[PDB]
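Chemist: here is the sequence, then the experimental structure:
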Protein chains: 2
Amino acid sequence: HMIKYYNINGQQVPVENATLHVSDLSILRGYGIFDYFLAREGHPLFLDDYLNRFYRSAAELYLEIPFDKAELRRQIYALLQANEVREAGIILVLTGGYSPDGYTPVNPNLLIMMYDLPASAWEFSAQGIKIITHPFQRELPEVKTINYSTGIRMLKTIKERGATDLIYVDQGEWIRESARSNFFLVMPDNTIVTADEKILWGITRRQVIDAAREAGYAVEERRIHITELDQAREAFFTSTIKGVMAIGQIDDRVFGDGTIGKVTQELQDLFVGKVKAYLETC
Amino acid sequence: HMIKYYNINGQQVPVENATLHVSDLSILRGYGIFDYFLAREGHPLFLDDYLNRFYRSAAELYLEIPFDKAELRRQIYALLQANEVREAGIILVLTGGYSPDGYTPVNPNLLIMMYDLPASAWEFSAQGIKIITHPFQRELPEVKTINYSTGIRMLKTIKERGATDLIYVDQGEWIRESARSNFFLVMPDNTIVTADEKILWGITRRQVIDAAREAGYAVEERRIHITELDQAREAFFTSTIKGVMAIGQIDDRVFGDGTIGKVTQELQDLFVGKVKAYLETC
Ligand SMILES: Cc1ncc(COP(=O)(O)O)c(/C=N/Nc2ccccc2)c1O
Ligand SMILES: Cc1ncc(COP(=O)(O)O)c(/C=N/Nc2ccccc2)c1O
């Protein structure tokens, strides 16, 4: 394949003509929401859950999506067909729109953009990644806003310090999530622990919590103190692109020998199970 | 007049052709900085101070402005001349640019946009405005990021509650600033008080602090507890558009009779003094 079209406000447009006027509130004021999901075998994965979150995020910024969910789903499928692709990354963006005063939102601009399935998608490396803690709390964390400035600004420091990612700790006390991932601990008794509050409710997080409970693991959704890293055997990320990704080091702590923990490897397999089961309903 | 041109990346472009490709990081990730200043008698006001802040904000997001300050100043003057206007609002935007991966910043896109001088600019109403307190702390507050989502999202609640603005209170404890203004108290002994930390260092704030000290007022730059509203005689905003704007009510508290306090009215006159003195050096 090669990506020929995006969709702006219900119209398929060649990628090279896909533009917004500079008065768009995303450009001037960072006012917008988005979602991102993969397609496999021609089907966006868990699509109803992603679209439900997109409509919920939009409601929290008082931005009306111009199409109902069934019509949005049609445009997404139509865009897969127009690009002639079965495997893809799909972005949805809803901006504050072409504001008259550079502040008051009006009709949003809706973007559907499409890319190759990321090469790294569900790599499931046996080698855990290395991350740093960073004291920070995302704004409006339950809403998928376009606001990624702390995450992006931290790229230089992350790379400088020999890490590939970070875990946000609210006031250096409470473990939350990374800029683009949910965060989980596995304790020595095999209890899975993940933040309940002041985080984005990831679609991957949902599927992994459900799979873990179906397998008979105890999954605690609660606040996690920074000191509880020392009680954990395993640490992992969930996200649309990562699936389940082993974390082998946080700051000066190696999780086991740095390689993927047993419950993490099991959750990887069960995640792939959830994906296969989804694609069987399509 | 009528505005004919903006400037994108050093090129004058008709306003109707001023667009960014949808891959721009401001659109996808809210990654960018900006500045906004007025021009009078053909001269952007306090321009060196605004441009210094623009370069400082850019450095904090690791975004390189493609032009040095003298060249940027030339483009701004050239754009005033091309639009044939002496009175204007001028926006500068520096985005994270056309990122290959929808996350890593590259060469920024630089926008210079121009509008009529706001009709409300320095209205200096004798009637104080009505504002609400809102518990919130801006991200990277010393940097003028494009991230205005809390401020914009609050518009509905502000208007619903019969207010026209808000004052952010960090953890409902520490008075900071509004979404677009610095915040000052005047005490009964005529001491002026304003936040020192975790706020944007406004150009208007600077000029008003300097003018107050020149007049022999005590100006304390310190943390302000929410309970100190009850010790204050006067409250006002500073911003590029407002100049000095009387606040007549915060929540259930009327400042005096709701009309502009004596020190606030004096600071308005001294602000206009600073403006006239600036325009005499041009
Ligand atoms: C703050 C935050 N927390 C968790 C997730 C994981 O959610 P899910 O399992 O539903 O993917 C994401 C995902 N971002 N995805 C993303 C962000 C930027 C660019 C590309 C993708 C996120 O932004
Ligand atoms: C957070 C914050 N705090 C203070 C000021 C006042 O700074 P100055 O006296 O230098 O104007 C501004 C100004 N925004 N200006 C602005 C924002 C959005 C749209 C238009 C103008 C601000 O954003």
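Modeler: Done, it's in. Numbers count the residues shown, from 1 in each chain, chains lettered A, B, ... in the order given. Ligands and ions are numbered 1, 2, ... in the order given.

Chemist: which SS class is residue A:230?
Modeler: helix (DSSP: H, G, I helix; E, B strand; the rest coil).

Chemist: which ones are touching it?
Modeler: residue A:253 (Cβ atoms under 8 Å, 6 or more residues apart in numbering or on different chains). (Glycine included, C-beta is placed from N, CA and C.)

Chemist: tell me the residues of the stretch 1-150 of chain A that contact ligand 1?
Modeler: Counting by Cβ under 6 Å from any ligand atom, the residues of the stretch 1-150 of chain A close to ligand 1 are residue A:36.

Chemist: so how far is residue A:33 from residue A:60?
Modeler: 8 Å (Cβ to Cβ, to the nearest Å).

Chemist: tell me the residues that contact both of these two, please.
Modeler: Common neighbours of residue A:60 and residue A:33 (Cβ under 8 Å, 6+ apart) are residue A:143.

Chemist: of the two, who's got more company?
Modeler: Per other Cβ atoms under 10 Å in any protein chain shown, whichever of residue A:60 and residue A:33 has more neighbours is residue A:33, with 29 against 15.

Chemist: isn't there a strand covering the more buried one?
Modeler: Yes: judged by three-state DSSP, residue A:33 forms part of a strand.

Chemist: what's around the closest residue to it other than its chain neighbours, how many residues?
Modeler: Spatial nearest neighbour of residue A:33, excluding adjacent residues (Cβ to Cβ, 6 or more residues apart in numbering or on different chains): residue A:57 at 3.9 Å. Residues within reach of residue A:57, counting by other Cβ under 10 Å, total 23.

Chemist: Three-state assignment for residue A:57, please.
Modeler: Residue A:57 - assigned by three-state DSSP - is helix.

Chemist: gap between it and residue B:211?
Modeler: Separation of residue A:57 from residue B:211 (Cβ to Cβ) stands at 44 Å.

Chemist: remind me, longest helix of chain A?
Modeler: helix A:262-280 (DSSP state H).

Chemist: what helices or strands is that one leaning on?
Modeler: When contacts are defined as 3 or more Cβ pairs under 8 Å, 6 or more residues apart in numbering or on different chains; DSSP states H and E, helix A:262-280 sits against helix A:203-214, strand A:234-239, strand A:243-250.

Chemist: which of those sits closest to residue A:268?
Modeler: strand A:243-250 (4.4 Å; Cβ to Cβ).

Chemist: got phi/psi on the closest residue to chain B within chain A?
Modeler: Across chain A, the shortest distance to chain B (Cβ to the nearest Cβ) belongs to residue A:30, at 3.1 Å. When quoted as degrees, to the nearest 10, the phi and psi of residue A:30 stand at phi 60, psi 40.

Chemist: OK, contacts around the residue lying closest to it once chain neighbours are set aside?
Modeler: Among residues not flanking residue A:30 along the chain, residue B:30 sits closest, at 3.1 Å (Cβ to Cβ, 6+ apart). When contacts are counted by Cβ under 8 Å, 6+ apart, residue B:30 touches A:26, A:30, A:32, A:145, A:146, A:147, A:148, A:149, B:145, B:146, B:147, B:149.

Chemist: swap in residue A:144?
Modeler: So residue A:144 contacts A:33, A:34, A:35, A:53, A:54, A:57, A:200 (Cβ under 8 Å, 6+ apart).

Chemist: the last one reaches residue A:178, doesn't it?
Modeler: No: here residue A:200 lies out of contact with residue A:178, judged by Cβ atoms under 8 Å, at a distance of 10.3 Å.

Chemist: residue A:223: neighbouring residues, count only.
Modeler: 15.

Chemist: got it, and residue A:137?
Modeler: As a burial measure, residue A:137 scores 16 neighbours (other Cβ under 10 Å).

Chemist: gap between it and ligand 1?
Modeler: 11 Å (Cβ to the nearest ligand atom, to the nearest Å).

Chemist: OK, contacts around the closest residue to that residue other than its chain neighbours?
Modeler: Of all residues beyond its chain neighbours, the one nearest residue A:137 is residue A:170 (4.3 Å), with distances taken as Cβ to Cβ, 6+ apart. Taking Cβ under 8 Å, 6+ apart, we find residue A:170 in contact with A:135, A:136, A:137, A:176, A:198.

Chemist: by neighbours, which of those residues wins?
Modeler: residue A:176 (22 neighbours).

Chemist: mind checking the SS state of the nearest residue to it once chain neighbours are set aside?
Modeler: Sequence neighbours aside, residue A:168 is the residue nearest to residue A:176 in space, at 4.7 Å (criterion: Cβ to Cβ, 6+ apart). Judged by three-state DSSP, the three-state class of residue A:168 is strand.

Chemist: distance check, residue A:168 against residue A:224.
Modeler: On the measure of Cβ to Cβ, residue A:168 and residue A:224 end up 12 Å apart.

Chemist: could you dump the helices and strands packed on helix A:262-280 to CSV with mean neighbour count and distance to ligand 1?
Modeler: Output for the helices and strands packed on helix A:262-280, formatted as CSV (neighbours: other Cβ atoms under 10 Å in any protein chain shown; distance: least, Cβ to the nearest ligand atom, whole Å):
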stretch, mean neighbour count, distance to ligand 1
helix A:203-214, 19, 3
strand A:234-239, 25, 4
strand A:243-250, 24, 9
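
Chemist: show me what contacts the residue in the stretch 1-150 of chain A positioned nearest to ligand 1?
Modeler: For the stretch 1-150 of chain A, the residue closest to ligand 1 is residue A:36, as judged by Cβ to the nearest ligand atom, at 3.9 Å. Neighbour list for residue A:36: A:89, A:90, A:91, A:92, A:240 [criterion: Cβ under 8 Å, 6+ apart].
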